[PDB]
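Written out below as structure tokens is the structure these notes cover.
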Amino acid sequence: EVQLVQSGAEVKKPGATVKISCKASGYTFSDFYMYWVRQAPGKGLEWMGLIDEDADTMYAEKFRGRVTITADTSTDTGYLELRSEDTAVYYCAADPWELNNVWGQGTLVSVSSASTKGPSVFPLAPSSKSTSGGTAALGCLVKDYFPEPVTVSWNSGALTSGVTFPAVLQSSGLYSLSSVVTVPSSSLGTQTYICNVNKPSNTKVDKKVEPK
Amino acid sequence: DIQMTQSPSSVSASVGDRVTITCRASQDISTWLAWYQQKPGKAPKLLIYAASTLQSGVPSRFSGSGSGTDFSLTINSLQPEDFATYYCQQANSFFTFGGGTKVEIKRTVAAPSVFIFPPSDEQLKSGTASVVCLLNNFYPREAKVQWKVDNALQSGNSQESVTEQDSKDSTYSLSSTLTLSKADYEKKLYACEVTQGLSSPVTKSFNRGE
Amino acid sequence: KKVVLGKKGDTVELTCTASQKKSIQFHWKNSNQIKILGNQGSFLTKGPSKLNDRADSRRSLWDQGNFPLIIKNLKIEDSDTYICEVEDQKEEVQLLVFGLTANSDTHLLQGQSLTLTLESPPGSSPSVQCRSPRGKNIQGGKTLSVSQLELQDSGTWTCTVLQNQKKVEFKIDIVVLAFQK
Amino acid sequence: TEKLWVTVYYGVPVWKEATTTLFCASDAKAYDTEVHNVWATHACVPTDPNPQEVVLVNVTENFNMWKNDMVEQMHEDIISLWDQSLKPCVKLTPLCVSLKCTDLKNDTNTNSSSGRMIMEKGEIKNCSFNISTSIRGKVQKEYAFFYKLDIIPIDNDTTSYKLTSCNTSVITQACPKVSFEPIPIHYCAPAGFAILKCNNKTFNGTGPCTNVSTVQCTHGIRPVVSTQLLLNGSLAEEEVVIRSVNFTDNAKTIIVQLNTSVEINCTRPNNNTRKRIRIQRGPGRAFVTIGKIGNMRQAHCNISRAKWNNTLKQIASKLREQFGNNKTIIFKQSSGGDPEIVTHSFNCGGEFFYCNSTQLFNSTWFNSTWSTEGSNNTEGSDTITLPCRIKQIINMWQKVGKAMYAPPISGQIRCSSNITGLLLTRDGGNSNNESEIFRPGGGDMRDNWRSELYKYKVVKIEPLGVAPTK
């Protein structure tokens, strides 16, 4: 019934204008308060502010005055506003029942010096092979890609066990992650392992790992 | 503004353990509090709106309490599904959130599996080289990884990231990356040292690599 | 009397300045004594005027003593004499609106006619001059027409409308379709 | 030589025009933190019991309410009263006027605006080693005799960017709840000065007044800022009184004083109310907030229909008499404007209520049919409820800008006022035949107090004149 729909992921350069919109449904938008909350990666929820019928708005100290929250009642829509230091996931909340309840799915805003760029995939192969020990870590390095999410999967998702690490942000503003799966050394000779990388850049990468 | 702090920041607990997480308001908020549960990849879910009023679909074992400046949420019997992150929110006017409490599965100490990954030929061709030290299936999450280069400890040229706790065996895994120029890589020996779960410090290193 | 010419669908500013007086009561009225715009203290007031919707003022300059009448989406019908009535100071501005329009659409084949019609306020009699991109000129008082168009005519046609010793520039994009044997 | 006749010189009081600060008299308790009480404590004079009036005999004076300086003086006091009384959480006021930056400090490149492009163009970089000392920018709507835009150098603590300049000057300061209860304020003339008060039951605020008295102080007046409806003002001694400098001019407002007041009742803000609800027995979830109901922004202004309808009828009759019998009298809703203009805005408890007067002002009185319809509607109904809203951000009446105030904590009380007058603006204009249309008006707060001070005139007293027997 009640659904809050937030705009798609937005990628901007530092100091560039980013506006994210959340559209309300299933309740009378005008009669109920809309809330805006931001969550930084690895960090807790930070409530930006709320908007009322008369356009009267509250903001948190950090966002005080610097951010303006506007709502288009005629289209049952709300709007936000932030910056690169606040690059993160943004949630729009509503309160049709006066219980501080419903939340939106969220919008991802990535603000970085780098534009959307395809990943560079470097095979991570084992040292000594099928004589070293029981198991060997096998991986592919996805480097210098922007932004997220980026899908890295092994054998078209046939191998998912223990695969992937959380992305690391470069000082350049580029993202990189290692996708390493621990696989039995004995199997390495028989089985062929393919790392599949794709997503926003629409770039299909299939890397075979060969410990020759 | 008003500081909202909840603690502990993280609580280690087993299934069936009774867990109390306390939220503290720096100023008297009287009765205006809310509790939210959040899981990885998921938006906040409302466990308690108005720290005393139950939201339908929330199990009875969740027990709220407290008033004024001091509130606490007690999980009478902690369950695998319950495990996650928790937030306390002020509801009077400014919907400020507490620092956050993570309830995670407590287990016995697990030794990390350590691997060292030297740059690929492609990576060498790029002219930029990174060496990746891999730690797998270790608990607790805390770990020290030392990048030794030709017997020199290096920092500020390396970045590390750690995975979320595994649902299956409640362990963590750490990826540490040392990034250097081709010329720097050419220098020779690189080693990563890990210590804790294993009594002796474990150093993984690579040489020529025939 | 000040004469201001505005283009149809544009925004026109009518300037009113108090004689060495700061923020004070002012009222804009039309020829028929209809209260188009005015102020009451710090607050803006609008009358029954048709302009009610599009007529506004910049409060920021009221302190300085400037009380402009700003009309958005100006229409030929709006044409009228507007008097800013201040403290025993009547400042008269005659407002003219012109709308030069391309009748022959934009896309024409070579050998097709181009007509430009000027929508003008009643009682006006402006001279209209239009130049093609190739520099061919068409002059008239109402409808300006070119019997035949050559490919060179493609591009922007520049039209000047002159009324009361004032000129308004209209840029009209006409496309002549290139074709091959 | 003298004569048997004895001439006695008559000490005839002599009155001369003067303007001075009127000393505000009021009865208020210093202990109270109430806005008006604290203000009184800060600066007022005690009100004398039973002051009475001294009636001047055989004295006729020409009064001009519009000219009466006292109104301006009081208005200034009103402005000061409010500004200190209410501090906005956020104050928004324009800083800088029509200033647009075209060059930034330390630029050696001359930048120029191009109209045809609608864009800034690099006019040329200076060959010589000079860097712009200050922010260079153009002033909109400012033309020199040379037909050139005026250019004003700008020195700011921080460098504004090309295309910018002229901020909203956000001012952030505490806005704690402060009780605002209007207290009647008398105004007393300083020693050697007196206030001349016209005692005519019906006086239009202008012209000669035969019945004049000397009063040390004015009657007590509540400083209520109200739009459209005059609240808690003086009631007409006789029939409804309509006052305007120029009824013929549509621009001129008509101030209507009512013989009887009309009750307007709005509700919402008051002192905090403390409630505790245990819920769920305590354990498992204890003591919080439930029962959130609707929106406090909403409020209702209740005005009795019959009382209002009779009032409208009286006003309409008076208007038609003044204009002459032949044109229709119609009460219509506002054409538009800011919320304050559009609706009956007034301040209760330190918060402004915006009440929709459309229901009040929607009547035609020319025909018996209309009169019958209104009567029948009245008979079916009882009171008129006007939708009211409290906006935390309010357009400042004193000067152009926005002021922001904290939302109401709780409800439970009634904000009541007496509609003692109506402010009517007539559309007029060439085309409006057979009809005269009156719409509620406001924004010139002076009017609210002009009606109060119309009969008051401040006069200097010099040594008594001596009149010989003649």
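Please enumerate the residues belonging to region D:169-180 that are surrounded by 14 or more Cβ atoms within 10 Å (Cβ to Cβ), in a loop (DSSP other than H, G, I, E, B) and either among the basic types (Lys, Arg) or in contact with a strand residue (DSSP E or B) (Cβ under 9 Å, 6 or more places away or on another chain) (or both).
D:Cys175, D:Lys177, D:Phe180
Could you please give the count of residues in region D:4-54 that are in a loop (DSSP other than H, G, I, E, B) and among the aromatic types (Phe, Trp, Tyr)?
Adding up the residues that qualify gives 3.
Within region D:384-426, count every residue that is crowded, with 21+ Cβ neighbours inside 10 Å and either among the hydrophobic types (A, V, I, L, M, F, W, C) or within 30 Å of D:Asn310 (Cβ to Cβ) (or both).
16
Do the conditions hold for A:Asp95, that is, is it buried (at least 17 other Cβ atoms within 10 Å of the Cβ) and within 14 Å of chain D (Cβ to nearest Cβ)?
yes
Mind checking which pairs have a first residue in region B:59-86 that is within 10 Å of another protein chain (Cβ to nearest Cβ) and more than 19 Å from B:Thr31 (Cβ to Cβ) and a second that is surrounded by fewer than 16 Cβ atoms within 10 Å (Cβ to Cβ) and of a type in the set (D, E, K, R), Cβ under 8 Å, 6 or more apart or different chains?
Within 8 Å, the pairs are B:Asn76/B:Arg18; B:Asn76/B:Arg61; B:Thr85/B:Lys39.
Among the residues of region D:339-363, write down those that are surrounded by 20 or more Cβ atoms within 10 Å (Cβ to Cβ), within 12 Å of chain C (Cβ to nearest Cβ) and not β-branched (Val, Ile, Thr).
Matches in region D:339-363: D:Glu340, D:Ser345.
Please pick out the residue among C:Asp105, C:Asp88, C:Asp80 that is surrounded by fewer than 16 Cβ atoms within 10 Å (Cβ to Cβ) and not assigned by CATH to the domain that holds C:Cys130.
Exactly one residue qualifies, and that residue is C:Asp88.
Every residue in region D:78-126 that is more than 16 Å from D:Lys138 (Cα to Cα) and polar (S, T, N, Q), please.
Across region D:78-126, the qualifying residues are D:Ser80, D:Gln84, D:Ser85, D:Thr93, D:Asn106, D:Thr108, D:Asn109, D:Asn126.
Which one of these is in a strand (DSSP E or B), farther than 16 Å from B:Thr20 by Cα and not polar (S, T, N, Q): B:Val58, B:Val103, B:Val114?
Criteria check complete, one pass: B:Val114.
Residues in region B:1-51 that are free of Cβ contacts under 8 Å to residues at least 40 places away in the same chain and in contact with a helix residue (DSSP H, G or I) (Cβ under 9 Å, 6 or more places away or on another chain): how many?
0
Any residue that is within 14 Å of chain A (Cβ to nearest Cβ), within 30 Å of D:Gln392 (Cα to Cα) and not polar (S, T, N, Q) - is there at least one of those in region D:255-274?
Looking through region D:255-274, at least one residue is within 14 Å of chain A (Cβ to nearest Cβ), within 30 Å of D:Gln392 (Cα to Cα) and not polar (S, T, N, Q).
Going through region D:425-470 one residue at a time, which ones are more than 20 Å from D:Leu319 (Cβ to Cβ) and among the small types (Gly, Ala, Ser)?
D:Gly443, D:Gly465, D:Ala467
Just checking, does region A:50-64 include any residue being in contact (Cβ under 8 Å) with a residue 12 or more places away in the chain, facing chain B (nearest Cβ under 10 Å) and crowded, with 17+ Cβ neighbours inside 10 Å?
Among the residues of region A:50-64, at least one is in contact (Cβ under 8 Å) with a residue 12 or more places away in the chain, facing chain B (nearest Cβ under 10 Å) and crowded, with 17+ Cβ neighbours inside 10 Å, which makes the answer yes.
For every residue, the table says whether it meets (1) touching a residue at least 24 places away in the same chain (Cβ under 8 Å); (2) surrounded by fewer than 18 Cβ atoms within 10 Å (Cβ to Cβ); (3) part of a strand (DSSP E or B).
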{"residue": "D:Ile78", "(1), (2), (3)": "yes, no, no"}
{"residue": "D:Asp83", "(1), (2), (3)": "yes, yes, no"}
{"residue": "D:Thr110", "(1), (2), (3)": "no, yes, yes"}
{"residue": "D:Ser113", "(1), (2), (3)": "yes, yes, yes"}
{"residue": "D:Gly122", "(1), (2), (3)": "no, yes, yes"}
{"residue": "D:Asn130", "(1), (2), (3)": "no, yes, no"}
{"residue": "D:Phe145", "(1), (2), (3)": "no, yes, no"}
{"residue": "D:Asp150", "(1), (2), (3)": "no, yes, yes"}
{"residue": "D:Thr158", "(1), (2), (3)": "no, yes, no"}
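Within region A:171-189, count every residue that is at the interface with chain B (Cβ under 8 Å from one of its Cβ atoms) and within 18 Å of A:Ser201 (Cβ to Cβ).
Residues meeting the conditions: 2.
Numbers and lists here come from the model and the stated rules, or from a named source; nothing here is a laboratory result. In this analysis, Cβ positions are derived from the backbone assuming ideal geometry, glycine residues included, and neighbour counts consider all displayed protein chains.
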